[PDB]
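Participant: Before anything else, here's the structure in question.
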Amino acid sequence: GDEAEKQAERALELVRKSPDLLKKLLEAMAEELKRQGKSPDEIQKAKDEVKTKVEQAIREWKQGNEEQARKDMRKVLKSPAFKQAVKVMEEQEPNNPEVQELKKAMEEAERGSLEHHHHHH
(Lines give C-alpha, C1' and ligand atoms only; values in the text may rest on other atoms or scores of the structure.)
Protein backbone atom coordinates (compact mmCIF):
# COMPACT_ATOMS: atom_id res chain seq x y z
CA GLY A 1 0.00 0.00 0.00
CA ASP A 2 2.20 2.83 -1.36
CA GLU A 3 -0.36 5.63 -1.99
CA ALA A 4 -0.50 6.07 1.85
CA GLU A 5 3.24 7.04 1.67
CA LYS A 6 2.29 10.20 -0.33
CA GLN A 7 -0.70 10.80 2.03
CA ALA A 8 1.94 11.01 4.81
CA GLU A 9 3.99 13.47 2.63
CA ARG A 10 0.86 15.75 2.34
CA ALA A 11 0.04 15.69 6.07
CA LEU A 12 3.82 16.12 6.80
CA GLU A 13 4.10 19.33 4.72
CA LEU A 14 0.88 20.72 6.33
CA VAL A 15 2.34 20.37 9.90
CA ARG A 16 5.81 21.52 8.66
CA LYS A 17 4.40 24.78 7.13
CA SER A 18 1.85 25.38 9.96
CA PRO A 19 3.59 25.04 13.38
CA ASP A 20 0.51 26.95 14.74
CA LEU A 21 -1.73 24.02 13.61
CA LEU A 22 0.81 21.59 15.12
CA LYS A 23 1.11 23.35 18.55
CA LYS A 24 -2.66 22.90 19.02
CA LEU A 25 -2.68 19.39 17.41
CA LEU A 26 -0.72 17.59 20.21
CA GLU A 27 -2.51 19.80 22.82
CA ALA A 28 -6.00 18.83 21.50
CA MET A 29 -5.47 14.99 21.65
CA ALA A 30 -4.65 15.30 25.39
CA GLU A 31 -8.27 16.45 26.08
CA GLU A 32 -9.98 13.45 24.39
CA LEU A 33 -7.41 11.16 26.06
CA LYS A 34 -8.51 12.90 29.36
CA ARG A 35 -12.28 12.28 28.56
CA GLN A 36 -11.41 8.54 28.42
CA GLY A 37 -9.94 8.84 31.99
CA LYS A 38 -6.26 8.27 30.97
CA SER A 39 -3.38 9.21 33.34
CA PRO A 40 -1.40 12.53 33.15
CA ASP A 41 1.80 10.48 32.48
CA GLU A 42 0.24 8.68 29.45
CA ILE A 43 -1.26 11.99 28.17
CA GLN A 44 2.11 13.80 28.53
CA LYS A 45 3.99 10.94 26.77
CA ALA A 46 1.35 10.93 23.97
CA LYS A 47 1.87 14.73 23.33
CA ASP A 48 5.65 14.14 23.22
CA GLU A 49 5.32 11.10 20.89
CA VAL A 50 3.25 13.06 18.34
CA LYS A 51 5.68 16.06 18.61
CA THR A 52 8.92 14.02 18.38
CA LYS A 53 7.52 11.80 15.54
CA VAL A 54 6.78 14.86 13.32
CA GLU A 55 9.99 16.68 14.38
CA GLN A 56 12.26 13.73 13.42
CA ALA A 57 10.32 13.51 10.10
CA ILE A 58 10.61 17.28 9.27
CA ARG A 59 14.38 17.16 10.19
CA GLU A 60 14.86 14.50 7.46
CA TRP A 61 12.81 16.28 4.72
CA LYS A 62 14.72 19.56 5.34
CA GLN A 63 18.08 17.76 4.64
CA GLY A 64 16.54 16.38 1.38
CA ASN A 65 15.41 13.06 2.99
CA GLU A 66 11.74 13.02 1.82
CA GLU A 67 11.53 9.19 2.02
CA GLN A 68 12.62 9.10 5.72
CA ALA A 69 10.29 12.03 6.56
CA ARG A 70 7.07 10.63 4.97
CA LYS A 71 7.92 7.22 6.62
CA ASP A 72 8.16 8.73 10.13
CA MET A 73 4.93 10.76 9.50
CA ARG A 74 3.09 7.58 8.16
CA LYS A 75 3.39 6.02 11.68
CA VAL A 76 1.49 9.11 13.01
CA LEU A 77 -1.17 9.08 10.17
CA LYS A 78 -2.29 5.58 11.34
CA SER A 79 -1.83 6.33 15.10
CA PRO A 80 -4.96 6.61 17.34
CA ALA A 81 -3.32 9.66 19.03
CA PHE A 82 -3.35 11.60 15.71
CA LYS A 83 -7.01 10.60 15.11
CA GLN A 84 -7.84 12.04 18.58
CA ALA A 85 -5.81 15.22 17.84
CA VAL A 86 -7.75 16.01 14.63
CA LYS A 87 -11.12 14.88 16.12
CA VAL A 88 -10.85 17.31 19.11
CA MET A 89 -10.08 20.29 16.79
CA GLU A 90 -12.79 19.23 14.22
CA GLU A 91 -15.44 19.62 17.02
CA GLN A 92 -14.22 23.23 17.68
CA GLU A 93 -13.40 24.38 14.09
CA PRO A 94 -15.59 22.22 11.73
CA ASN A 95 -15.08 24.57 8.70
CA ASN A 96 -11.26 24.90 9.20
CA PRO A 97 -9.18 24.40 5.97
CA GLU A 98 -6.24 23.34 8.22
CA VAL A 99 -8.40 20.65 9.95
CA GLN A 100 -10.28 19.36 6.89
CA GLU A 101 -7.17 19.17 4.63
CA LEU A 102 -5.22 17.30 7.38
CA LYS A 103 -8.21 14.99 8.21
CA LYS A 104 -8.67 14.18 4.47
CA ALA A 105 -5.00 13.05 4.24
CA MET A 106 -5.66 10.46 7.05
CA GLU A 107 -9.22 9.50 5.91
CA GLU A 108 -7.86 8.74 2.38
CA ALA A 109 -4.81 6.82 3.82
CA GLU A 110 -7.31 4.72 5.92
CA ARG A 111 -8.67 3.42 2.53
CA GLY A 112 -5.24 3.46 0.74
CA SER A 113 -3.81 0.95 3.33
CA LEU A 114 -5.22 -1.40 6.04
CA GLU A 115 -2.57 -1.80 8.81
CA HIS A 116 -3.19 -4.01 11.91
CA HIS A 117 -0.24 -5.14 14.14
CA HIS A 118 0.03 -2.99 17.35
CA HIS A 119 -2.22 -0.41 19.15
CA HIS A 120 -2.01 2.05 22.13
CA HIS A 121 1.70 1.24 22.96
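We label chains A, B, ... in the order they appear in the C-alpha coordinates, count residues from 1 in each chain, and number ligands from 1 in the order shown.
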List the spatial neighbours of stretch 48-57 of chain A as a list in words - criterion: any atom at most 7 Å away, only C-alpha atoms, same-chain residues fewer than 2 positions off excluded.

Facilitator: residues 26, 44, 45, 46, 59, 60, 61, 68, 69, 70, 72, 73 and 76 of chain A

Participant: Which polymer residues have any atom within 8 Å of an atom of stretch 115-120 of chain A, counting only C-alpha atoms, with same-chain residues fewer than 4 positions away left out, as a list in words?

Facilitator: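 That gives residues 78, 79 and 80 of chain A.
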
Participant: Please produce an output containing C-alpha atoms for each residue in the selection, written as a PDB file, in the first residue's frame.

Facilitator:
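That gives us out21.pdb:
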ATOM      1  CA  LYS A  78      -2.288   5.577  11.343  1.00  0.00           C
ATOM      2  CA  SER A  79      -1.828   6.332  15.097  1.00  0.00           C
ATOM      3  CA  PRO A  80      -4.959   6.608  17.342  1.00  0.00           C
TER       4      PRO A  80
END

Participant: Could you pull out the alpha helix (DSSP H) residues of chain A from DSSP and send them as number ranges by chain?

Facilitator: A: 3-17, 19-35, 40-61, 66-77, 80-92, 97-112

Participant: For residue A:108, find every residue with an atom within 9 Å (counting only C-alpha atoms), except residues of its own chain fewer than 4 positions away, and show them as a ChimeraX atom specification.

Facilitator: /A:4,7,103-104,112-113

Participant: For a test of reading the model, state the distance in Å between atom CA of residue A:58 and atom CA of residue A:11, rounded to one decimal.

Facilitator: 11.2 Å

Participant: Which is closest to residue A:107 among A:85, A:3, A:77, A:94, if we use only C-alpha atoms?

Facilitator: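 Once distances to residue A:107 are computed over only C-alpha atoms, the minimum belongs to A:77.
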
Participant: My list of candidates is A:12, A:114, A:105, A:29. Which is closest to residue A:86 when distances are computed with only C-alpha atoms?

Facilitator: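 That would be A:29, the residue with the smallest distance to residue A:86.
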
Participant: Just checking: using only C-alpha atoms, which residue out of A:93, A:109, A:43, A:64 ends up closest to residue A:81?

Facilitator: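 The closest residue to residue A:81 is A:43.
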
Participant: Kindly give the distance, in Å, that separates atom CA of residue A:99 and atom CA of residue A:10, rounded to a single decimal.

Facilitator: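 We find that atom CA of residue A:99 and atom CA of residue A:10 lie 12.9 Å from each other.
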
Participant: Quick one: distance from atom CA of residue A:89 to atom CA of residue A:101 in Å, one decimal?

Facilitator: 12.6 Å
